[PDB]
Amino acid sequence: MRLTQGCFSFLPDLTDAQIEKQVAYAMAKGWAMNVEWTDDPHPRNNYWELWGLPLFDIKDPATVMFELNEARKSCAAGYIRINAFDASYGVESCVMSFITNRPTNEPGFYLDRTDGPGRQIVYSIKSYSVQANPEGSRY
Amino acid sequence: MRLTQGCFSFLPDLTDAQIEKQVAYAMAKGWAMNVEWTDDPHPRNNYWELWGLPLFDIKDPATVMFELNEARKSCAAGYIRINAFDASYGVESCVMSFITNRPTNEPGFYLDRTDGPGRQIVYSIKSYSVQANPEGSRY
Amino acid sequence: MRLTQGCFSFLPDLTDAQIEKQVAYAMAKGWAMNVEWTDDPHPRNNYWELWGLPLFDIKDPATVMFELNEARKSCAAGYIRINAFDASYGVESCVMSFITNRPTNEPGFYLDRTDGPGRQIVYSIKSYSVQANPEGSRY
Amino acid sequence: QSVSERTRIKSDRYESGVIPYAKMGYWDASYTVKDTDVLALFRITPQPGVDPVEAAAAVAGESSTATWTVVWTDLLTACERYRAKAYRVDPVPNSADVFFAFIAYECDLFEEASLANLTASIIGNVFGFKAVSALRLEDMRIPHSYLXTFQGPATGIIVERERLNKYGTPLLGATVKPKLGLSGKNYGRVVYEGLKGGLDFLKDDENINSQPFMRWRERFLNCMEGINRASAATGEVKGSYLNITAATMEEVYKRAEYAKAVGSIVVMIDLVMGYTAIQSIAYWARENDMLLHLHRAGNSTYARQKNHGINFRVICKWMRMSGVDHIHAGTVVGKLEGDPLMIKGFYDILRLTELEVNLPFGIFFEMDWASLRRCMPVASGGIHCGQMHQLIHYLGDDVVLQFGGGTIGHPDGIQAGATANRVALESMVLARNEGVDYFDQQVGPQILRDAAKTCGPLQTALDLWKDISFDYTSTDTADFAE
Ligand SMILES: O=C(O)[C@@](O)(COP(=O)(O)O)[C@H](O)[C@H](O)COP(=O)(O)O
Ligand SMILES: [Mg+2]
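Let us look at the structure shown here. (Residues numbered from 1 in each chain as written, not as in the entry; some residues may be left out. Chains lettered and ligands numbered in written order. Part of a larger assembly, values for the part shown. Heavy atoms only, no water. Residues with missing side-chain atoms left out of burial classes, pairs and counts.)

**As for the coordination of the magnesium ion (ligand 2)**
- Coordination sphere of the magnesium ion (ligand 2), protein contribution only: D205 of chain D (OD) and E206 of chain D (OE), at 1.9 to 2.2 Å.
- For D205 of chain D, a relative accessible area of 2% corresponds to the buried category. (Donors = N, O, S within 2.8 Å, 3.2 Å for Na, K, Ca; no water. Buried < 20%, exposed > 50% of the residue type's maximum accessible area, 1.4 Å probe, protein only.)

Structure follows, in structure tokens:
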């Protein structure tokens, strides 16, 4: 299955030319880009691993693509995303996150069902990849 | 084990001739037939996957059987059921569901026990097929 | 003080002839009259003493008036009112009530204050006439 | 080819795409209404070029089951049954671009005992629809069966009078003034004075809740002293509408419980609290032996104009259903909008056991009230005792006449003010019952000038205010004269 976290995951994987273009839109808006990695695709996995500090004081898109490529080569199989952060008052948050890499095969998830009170079911989402292997060797 | 959901699962697997006779009965009553697929056999898996829309304007059991047979060719190894919907005031629900296809070999379930307060057990039913492999590749 | 229960008590004490006219109004509207007596003027004295039964059958004001004066002559010093009662569906209640007689020297009431929690006060309205003497010798 | 495509719905009705609301079975010129149907009368101004039947059907459909395009999911339901029917459209008298549209909704569409749900369907979306330039809900036929799920008034006219021990004349009240700024101490003063002078009630202003100048507990405690002092001085049950209106429902209860605990006979709420808090506090009022006076704050934002909104007569029905004991319904002759015909219909809706069609009074549907109790209309806003003959004639017996400024404005003090109003009232009623033609422009003023000869405070109130009138054109008028 496709992993449809990120805001462009209903389109085909982005080319380096397309990623560079979104990175340019974000940088013209004065937002800070950062690169993040994980091999836990769970929807509740807030904190993907940081690839360096965010690239705060940076005005050339190719510098972000350069860091994207170092991440792609250095990091294990899994997912990489680029986020855009706006520190302006009243935002102070990420305002764009999209997937740049995904594994060749993602098995996805099952739904674990525990009986609660009455008819209530206690739900748990379980990644096949995460349950089979540790971080670093899941895909 | 045999999954004994559906209303005829203590009889031998229904032939196509027997299935059509039940389809023909449902459609003589004015009921809407649909075809559904799953490879999660859990008791509380309400929502199997729709094989298209329910066949509302369809007067011919043979057309229903055709969609059953097309579902059989296109769907991954699993379970297929046929339901008959009655839209009448007083019913507005399914009135007949039975299994048309079942896997060669269904490992079944185990009962997972978590200690609750006192002597209470918190129970979860776990499918072997589902825990081991993702949807589309469980049988 | 003047006890201002009843509905014409900011007007002067009604004459027999003014009472007959109020009775006429009520009889022409189909209502039932009755006469009642008390020497407890407490505002929460819901039940004054019946003088006979209500006059449901009667077709002539003079009958109510004749009963008023018989009550006047038999009852001790106190209060008499005439009530009009409407048995109609959606009423089933008194629709008119006015004082016909009141003793000359009504001392009235004092407010009796008991300390409750915090600043709250427990009020009891106390009648001078009632606390000094029993029913029948209060005025 | 693919399964989605082979199983497409191909019927005229459930094939995909937009068809008009009239061709979706939301219109039927010969539907026969059932005694269990919710009926609604709408005043519809269709946009230039939109058909009058189409707009009526559109309103039916988007207030029941429809949307803008066809959905196969209808067929999982008994969709014939759930669809509302626009079933009659007449043109509005003296206009060929405004229509009366009658719509019938099936009983099962509505959550039992929920005005929130009734209104969610009936006013939810349709007033903002583009195809319609204006829309007004004029009347509704609430069927017996739906009505029996509701409490109706907590106390109601009959039991209210019994708890008060006051039968025969309209009841009497005054709003405390100035609206804002008074300390609880001084509030308790005004309440004592007014009640002692003859008033049955005083009330907090709609916007007196709890503010820097006066916090609510101070007002309640000081008013209770004032109230009980008044009743000790008069031998009458007295009260003041203690306002329990608040931000949260927890605070409203807290205030209601406080009112109850210190012995108050009555509490008020504002309509801006909204329907769900109103229903809550109406159940509470039944269960805790409390009169519930509804001030209709905010009403005239939707109720004023004839081309668009909700007619106050429907608000009457909804509020009597929810169970408030009092509701303001206009004066005719005071400072607030009131056409005599429309006010009369409002009063009938609140007071009668049933309604018969009477188009001049704005009563479009006949309707049983299902022995739900009767709601006490309140007549308030810029009125005075020089108008008493008009008040009695227009508003009848079961009503509370409120004179905030007409009591407190009195040059000889608050007690003088109250006494003037009650003598006024009692003499006028006395006179009506005797057969006198009190409503005649000569006789009425004379009955009061005669009453003034033995009441000093009345002469003064007649001298000060007898010129005063609010002679202006109405906005909410009938479409049928008398
Ligand atoms: O705030 C006011 O103006 C009043 O206190 C009237 O005071 P006065 O008696 O001193 O004029 C009432 O709340 C309004 O009459 C309500 O209007 P309606 O009755 O139309 O709901
Ligand atoms: Mg006010």
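Structure shown, so let's carry the discussion forward.
**As for the interface of chain B and chain A**
- On the side of chain A, eleven residues touch chain B, which itself brings 16 residues to the contact.
- Between chain B and chain A lies a buried interface of about 1000 Å² when both sides are counted; carbon and sulfur atoms form 42% of it.
- It is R44, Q131 and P134 of chain B in chain B that bury the most area against chain A; as a group they hold 45% of the surface buried on that side.
- Across the chain B-chain A interface, the total number found is three salt bridges.
- For the interface between chain B and chain A, the tally reads eleven residue pairs in polar contact. (Contact = heavy atoms within 4.5 Å. Buried area = accessible area lost by both parts, 1.4 Å probe. Salt bridge = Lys/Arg side-chain N within 4 Å of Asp/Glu carboxyl O. Polar contact = N/O pair within 3.5 Å; in protein donor to acceptor, adjacent residues only side chain to side chain.)

**Some words on the arrangement of the chains**
- Looking across the three pairs of chains in contact, one finds the most contacts between chains C and D.
- Nothing in chain B touches chain C; the tightest C-alpha to C-alpha distance between them is still 37 Å.
- The two units chain A and chain D never meet; even their closest C-alpha atoms stay 20 Å apart.

**Let's talk about helix 2 (residues 61–74) of chain B**
- The terminal C-alpha atoms of helix 2 of chain B, which comprises 14 residues, lie 20 Å apart, in line with the 20 Å expected from a rise of 1.5 Å per residue.
- On its buried face, helix 2 of chain B is in contact with helix 1 (16–28), strand 1 (32–38), strand 3 (79–86) and strand 4 (93–101) of chain B together with helix 1 (3–6) of chain D. (Helix = DSSP H or I, 4+ residues; strand = E, 2+ residues; numbered from the N terminus. Expected span 1.5 Å × (residues − 1).)

**What to know about the sheet that holds strand 9 (residues 291–295) of chain D**
All names here are of chain D.
- With parallel pairing, eight strands are arranged side by side in an open sheet as 5-15-14-11-9-8-7-6. Whereas interior strands pair on both sides, the edge strands pair on one side only; in this sheet they are strand 5 (171–173) and strand 6 (201–203). Neighbour-to-neighbour, the strand axes of the sheet open up by a mean angle of 25°, direction not taken into account.
- Here strand 9 runs beside strand 11 (residues 326–328); their pairing, made up of two bridges, is parallel. Among the inter-strand pairings, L294 is bridged to a residue of strand 11, identified as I327. (Pairing = 2+ DSSP bridges. Axes fitted to C-alpha atoms, helices over the stretch in contact; angles between N-to-C directions.)

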